[PDB]
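Since the structure comes first, as structure tokens, the remarks are kept for the end.
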Amino acid sequence: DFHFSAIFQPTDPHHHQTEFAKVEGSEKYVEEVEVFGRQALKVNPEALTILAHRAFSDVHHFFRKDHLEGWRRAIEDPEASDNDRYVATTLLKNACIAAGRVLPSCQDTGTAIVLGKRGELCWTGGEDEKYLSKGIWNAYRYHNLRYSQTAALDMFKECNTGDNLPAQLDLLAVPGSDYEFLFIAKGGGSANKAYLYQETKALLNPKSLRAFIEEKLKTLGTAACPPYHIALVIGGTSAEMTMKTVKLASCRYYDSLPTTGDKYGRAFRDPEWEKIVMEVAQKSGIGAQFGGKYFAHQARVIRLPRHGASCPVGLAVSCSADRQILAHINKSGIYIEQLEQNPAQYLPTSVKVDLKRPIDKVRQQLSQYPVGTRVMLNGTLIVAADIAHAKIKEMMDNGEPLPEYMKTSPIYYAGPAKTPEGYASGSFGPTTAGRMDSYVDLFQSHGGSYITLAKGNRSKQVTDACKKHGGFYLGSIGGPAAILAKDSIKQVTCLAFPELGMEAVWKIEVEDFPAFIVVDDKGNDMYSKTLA
Amino acid sequence: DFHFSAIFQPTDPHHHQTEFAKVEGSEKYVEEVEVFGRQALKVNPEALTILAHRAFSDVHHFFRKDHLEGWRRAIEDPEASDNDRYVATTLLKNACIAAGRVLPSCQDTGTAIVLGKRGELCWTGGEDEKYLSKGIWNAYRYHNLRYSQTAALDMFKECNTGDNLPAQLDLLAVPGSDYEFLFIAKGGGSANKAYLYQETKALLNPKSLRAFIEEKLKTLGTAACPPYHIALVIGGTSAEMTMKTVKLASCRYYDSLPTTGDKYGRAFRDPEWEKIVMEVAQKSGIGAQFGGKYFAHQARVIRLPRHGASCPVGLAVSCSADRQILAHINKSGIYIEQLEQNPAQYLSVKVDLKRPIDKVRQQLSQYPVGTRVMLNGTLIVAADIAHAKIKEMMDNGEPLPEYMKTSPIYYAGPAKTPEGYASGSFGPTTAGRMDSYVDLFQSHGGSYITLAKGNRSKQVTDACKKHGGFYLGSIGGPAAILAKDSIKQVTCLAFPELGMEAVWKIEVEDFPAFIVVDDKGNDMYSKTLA
Ligand code: SF4
Ligand code: SF4
């Protein structure tokens with residue numbers, strides 16, 4: 001006989017385990033009515049604007065307790081490495097700055113994602129996408145965030161949209177008369193560490209699956225600012241469903257699923273395999289960015305049904321800029337998840353490098369030290385990320401020289417958020433280094449980019465380039481954009497390509513800017529053992 | 001100033017370009033009403049059951065014109081190879097048999113996927129998932145389809161659900177008072193050829209993008225029964241959004257998008273790059289399964305906005321079992337897309353298996369790869385779970401079973417047998433998924449001859465050379481004509497609890513195949529899919 005079984009059967013579908021705050025007076029936006037014997041809720045669509053505006057403000061200044069507790073664990077665990085403790089302390093101090101509500105926790109204020117669940121009898125007037133987008137627009141326009149969206153005018157010609165739109169608006173039709181939401185401000189670096197694998201039944205045994213996990217976790221590297229919330233989804237009804245599920249799992253949205261399967265194919269969380277993922281992450285030695293135990297805060301593993309011919313697998317992370325917030329609109333008004341507004345309660349050796357010297361003397365100083373050495377940088381950085389590198393390569397392909405401004409100072413891969421009134425800099429942490437790997441040998445062959453500063457492990461071509469050309473790659477801590485702006489970045493000026501907005505080439509002056517020597521001029525790489 | 005711009009701005013959002021038939025009497029399930037001054041629609045949820053049942057019945061017996069036209073093009077084009085024409089003719093003849101409404105076009109009757117768009121003022125009572133699922137359950141239970149869904153009792157212990165549930169039910173909240181749908185019966189093999197790449201700005205130039213397309217298309221191989229509808233999505237707001245978009249593009253759901261971008265980041269189809277994809281597909285020589293020009297029916301390329309730090313890319317195909325139906329419910333009733341009910345308007349070495357296997361191997365050794373053969377005799381049928389169970393038995397010290405040593409191994413899983421028929425639809429599954437077993441099984445005295453579809457990895461070529469084996473490629477997709485004309489007896493041999501994934505013993509006549517891998521290190525795909 002027919003038995004309907006929903007794939008997802010959370011025991012807490014409305015997220016009662018989360019603490020919510022009411023938006024004061026917001027009952028004025030809703031009215032209970034009855035039509036054809038059924039209870040319905042009229043919702044003024046301005047409620048959607050108000051809610052999205054608050055969500056995409058709050059999430060940039062505060063974190064959940066589970067995330068903060070993870071950093072505290074990395075500080076207090078005797079098994080944490082010294083670098084684990086240093087990185088987690090830096091990230092907690094960054095969170096304390098961000099809680100001042102001026103500087104966002106990361107310069108990459110993300111793509112705005114809305115998962116909405118509109119009841120059959122929740123009546124908004126139907127212009128939900130426009131009103132949510134207006135709230136998002138307000139959040140990014142009137143706060144010190146960043147416009148991160150790139151429009152395609154044609155296949156290759158691009159421009160920044162200038163407002164962090166469009167958003168990803170996934171509005172679902174569900175039972176009832178309420179409107180439920182998950183808002184995510186998703187960083188690009190962690191979005192890029194969402195991977196889909198097309199596997200088979202041959203994977204589905206303990207030995208094969210553990211070996212697969214060990215291999216795939218290393219491909220995350222440190223490129224998305226660990227400690228990570230790691231999510232792994234085994235199975236699914238389509239690739240897109242697997243990838244949606246792994247995103248939501250990384251946001252802890254599926255924490256209340258059953259922990260056993262059944263003959264109807266329901267989804268389940270698998271605590272045994274979560275523990276295995278954590279053991280693999282800890283034993284990998286990758287650590288909280290620079291070697292140790294704290295590659296991961298926690299793990300979520302969701303097993304899904306599959307077509308017999310298929311086994312899609314999703315792997316994804318939430319990075320240090322772990323930013324999501326639940327909300328709902330009901331007969332009592334607008335409710336939004338309460339994040340931790342006092343992160344300070346979770347709080348309990350270097351070589352000084354003067355960059356205000358000829359770059360060849362800086363190279364000479366760095367050559368004295370092994371990979372893993374912590375340095376403190378003082379002086380000028382030239383800032384250039386993806387679009388600037390591509391434009392400069394295009395100029396060189398058309399016969400122009402590498403610009404002189406690429407030869408005078410170390411190159412910092414970064415893109416700043418907007419500058420608060422009275423501040424020298426907005427949040428201004430590093431970009432993922434690996435995306436620039438194809439340029440390093442070329443630029444060094446033309447006399448520049450001998451020292452680069454960014455975050456994440458890099459490919460072998462960069463290690464080889466630095467050995468051939470007497471170069472270095474310095475790893476900033478990834479994620480602490482607010483404390484870097486507040487304490488280290490003293491002056492920012494636009495140097496080239498002003499038309500590119502935040503993706504222009506900048507000239508910045510820094511003090512006490514921490515980094516580790518990741519790649520030296522001798523063929524060595526701090527990550528060569530843990531990310532072999 | 002603020003300007004809202006939806007990412008997707010089709011000029012034909014309601015699919016007016018599609019022809020629909022109304023389900024007779026279905027106005028009884030709907031009532032137009034007015035609530036607080038706006039137009040609304042009451043829908044009896046039984047309409048959802050009726051609609052899903054009809055959609056997931058019709059789609060297994062009929063195709064769209066764009067798909068059928070592609071097979072005709074492959075036959076009529078002087079530049080098509082002989083193998084292109086042979087494969088396209090076989091697939092058209094298969095479609096003619098499926099249009100008899102008894103045998104489905106493919107044994108893999110797919111995962112049931114529903115994209116639904118429920119208007120704000122379309123009121124069903126809210127139990128939409130249950131009522132849609134009942135209609136799907138009805139379609140798979142009361143017709144000669146297949147139960148393809150595998151439930152996980154724990155991480156590794158699995159069972160077939162026995163009813164082709166659960167479905168993928170993606171129900172969206174949209175403006176208005178109607179209910180619009182795309183139903184997809186998605187085969188596993190083409191589902192597996194949905195790929196996500198995480199790229200960078202360094203890809204976004206003509207030379208790099210062309211080279212990327214040329215490399216990634218080859219990774220599709222023939223493993224999802226081409227000619228393909230190829231979809232490519234460049235950009236997206238997340239990996240899952242890129243992958244949803246490439247799925248929908250492959251279903252021609254986004255055909256009416258704009259063809260230029262703007263400063264607000266709207267999605268667009270890119271005809272220039274569609275033409276480039278088609279040029280790459282034709283020049284690859286991969287062909288309609290066995291070399292030629294007809295790797296692809298057509299291409300869809302959608303360019304999306306992206307976060308400056310990100311460039312997700314999706315690549316996906318619709319296979320020979322190209323199965324989707326549009327539908328809508330409105331104040332007049334239930335409307336369902338009309339597919340082509342008259343596909344007919346669009347129109348070797350004999351190998352006796354009734355011998356010791358060593359004699360069959362000796363005969364096959366006389367011929368080069370690319371030779372077309374006709375098989376007559378017993379095939380032993382075993383796919384993914386059966387292979388895993390047999391490996392496990394051997395790892396625990398048990399023999400390779402006798403039934404892996406007597407006959408060619410056909411990798412397949414049958415659909416249900418119609419009353420009065422010898423066999424349900426019964427075409428091949430993708431060979432590559434069994435590659436990890438070939439050397440092992442041959443080392444232990446069996447699986448010397450395998451029969452399936454798709455190009456295989458180098459380990460299989462090496463195994464067949466080391467052990468004196470062969471891989472035979474059936475045409476991929478023509479499951480109904482194979483069942484009607486070639487399969488004479490079917491018996492479950494082992495592991496009956498696995499449903500369609502049991503081991504079967506079948507007796508066949510006139511079963512066509514090509515020698516893809518021989519016993520000498522040669523592979524029919526080595527030039528085109530190196
Ligand atoms: S820089 Fe790091 S913390 Fe910020 S969004 Fe990118 S991956 Fe996340
Ligand atoms: S066997 Fe071929 S035609 Fe049938 S669903 Fe699989 S890929 Fe598609």
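These numbers come from the heavy atoms of this one structure, side chains and all, not from hydrogens, waters or symmetry mates. Residue numbers begin at 1 in each chain, while the letters A, B, ... track the order of the sequences.
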Heavy-atom check, side chain of B/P206 versus side chain of A/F156, under 4.5 Å: yes

Atom group of A/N164 that falls short of 4.5 Å from chain B, counting heavy atoms: neither

For chain B, the option from A/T124, A/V246, A/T259 that forms the most heavy-atom pairs under 4.5 Å: A/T124

Which of A/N160, A/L196, A/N192, A/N138 touches chain B most, by non-hydrogen pairs under 4.5 Å: A/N192

B/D163 side chain to A/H3 side chain, donor-acceptor N/O pair below 3.5 angstrom: no

Side-chain (A/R435) to main-chain (B/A309) donor-acceptor, under 3.5 angstrom: yes

Leading residue by heavy atom contact count with chain A [cutoff under 4.5 Å; candidates B/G119, B/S238, B/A239]: B/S238

Check: B/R118 side chain, A/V174 main-chain N or O, donor-acceptor pair, under 3.5 Å: yes

Residue A/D262 versus chain B: region with a heavy atom under 4.5 Å: backbone

Donor-acceptor contact present, side-chain B/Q149 to main-chain A/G265, <3.5 Å: no

Shortest non-hydrogen contact between A/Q198 and B/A191, atoms and distance: NE2-O, 3.2 Å

Side chain proximity check, A/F36 to B/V33, heavy atoms < 4.5 angstrom: yes

Best-contacting candidate, B/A6, B/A152, B/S133, B/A151, against chain A by heavy atom pairs under 4.5 angstrom: B/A152

Expected output: side-chain B/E240 to main-chain A/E240 donor-acceptor under 3.5 Å: no

pair B/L121-A/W123: side-chain heavy atoms closer than 4.5 Å: yes

Working for salt bridge (charged side-chain N to carboxylate O under 4.0 Å, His left out), residues B/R303 and A/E158: CA-CA 11 Å; B/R303 184 61 159 89; A/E158 299 184 309; 2.9 Å; yes

Within-4.5 Å side-chain heavy-atom neighbours: B/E129 and A/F4: yes

